[PDB]
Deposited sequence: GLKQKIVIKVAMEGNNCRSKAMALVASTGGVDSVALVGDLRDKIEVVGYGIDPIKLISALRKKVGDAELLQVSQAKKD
């Protein structure tokens, strides 16, 4: 199987709470604050359910929008 890349836009110290929450998700290899405004989370890992993660972000942090799903190439 291949690794996943997920980018989520989040309303955002919400940044620490969002990073903490995504970093705590099963199968996560990394989380990074990306974009000029540091308002995006890029997640890399395996077996991450993006619908489950957007739900957790909305219920814990605030408005969250799925922007990108893609696999790692090799």
Item to check | Unmodelled ranges, which are counted on the deposited sequence from position 1 and given in order | outcome: 13 to 15, 78
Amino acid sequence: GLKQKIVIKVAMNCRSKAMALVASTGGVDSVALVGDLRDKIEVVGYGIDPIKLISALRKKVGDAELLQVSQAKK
From here on, numbers count along this sequence of modelled residues.
Checklist outcome for this item: Ranked by mean Cα B-factor in the entry, 50 to 58 and 13 to 21, top stretch is 13 to 21
Checklist entry - Should residue 31 be placed in the lowest, middle or highest third of its chain by the C-alpha B factor in the entry? => result lowest
